[PDB]
Every structure is written in C-alpha cells, then in structure tokens.
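# With the input below, show me the fold.
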Amino acid sequence: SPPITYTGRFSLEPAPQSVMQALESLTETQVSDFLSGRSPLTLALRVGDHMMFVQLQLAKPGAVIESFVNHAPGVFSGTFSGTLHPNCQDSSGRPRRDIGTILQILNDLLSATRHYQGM
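Numbers count the residues shown, from 1 in each chain. Right below this line is the structure:
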C-alpha cells in the first residue's frame, strides 16, 4: 500500500468562488481523470482575502514547497509536492473517489504556506 504522491503549481495574489463551489463544479470524469493520474486538475478559487490558481497532478503526509517567488506584497507563486493523507485512501489503497481527497491536498498546500508568508 505505497503512498500516493502529488505535485503542483500555485499562483496567489490579493482579491480586488471558494473551494466548495469550485470542488462541487467538478464533473465525475473530471474527477476520475485526476484521481487516476490521467489528467492534471487546475482550479481558480478565492480563499480568505486572496485569489488562487492551482494546478494539481497525481503520481510524512502533507505538502512541501519546492520553489517560490515573492513578486510583490501578497503576490506569490511557486511549486510543490506532497503525499496524501491515508484516510483519503479507500480499502484498496487508492484515492477515495470523492471531493474530500482534493480538499485534503488543498489543505496540505495551505498548511505548507504557513512557513512562508501570506495569511
């Protein structure tokens, strides 16, 4: 039951469609492509006071930032990777086919931003 890893790319900036409304909009084969590894998943969402683009691709739990740039105050982009939380794996060891799996990865990424700036 080897761990499930992911990589991604984020761009973030202040705001002049939050996660759920975004996450519920995903269609089943949209979801199916992503949790299988057959397609990246790319999102545009508001979180708090900021505005975020994230692209995600499936292959300690959590995420680690592999590169970032501070462009201007509140304006950051970068790249990351991480491992899924095990309770986002079904009985067969592969990611559970629902929107909570993707919300965990978004949670992992935002936790890893705490070490850097922007909250």
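# Tell me who's in contact with the residue lying closest to residue 71 once chain neighbours are set aside.
Spatial nearest neighbour of residue 71, excluding adjacent residues (CB to CB, 6 or more residues apart in numbering): residue 77 at 7.0 Å. All C-beta atoms are positioned from the backbone trio N, CA, C, and that covers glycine. Residue 77 is in contact with 9, 10, 11, 12, 68, 69, 71, counting by CB atoms under 8 Å, 6 or more residues apart in numbering.
# Kindly report the same for residue 54.
Here residue 54 is in contact with 8, 9, 10, 11, 42, 43, 45, 106, 109 (criterion: CB under 8 Å, 6+ apart).
# Dump those to a markdown table, plus distance to residue 51.
Below are the contacts of residue 54 laid out as a markdown table (distance: CB to CB, whole Å):
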| residue | distance to residue 51 |
| --- | --- |
| 8 | 17 |
| 9 | 15 |
| 10 | 11 |
| 11 | 9 |
| 42 | 14 |
| 43 | 11 |
| 45 | 8 |
| 106 | 14 |
| 109 | 15 |
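# need the contact list for residue 44.
Here residue 44 is in contact with 17, 22, 51, 52, 53 (CB under 8 Å, 6+ apart).
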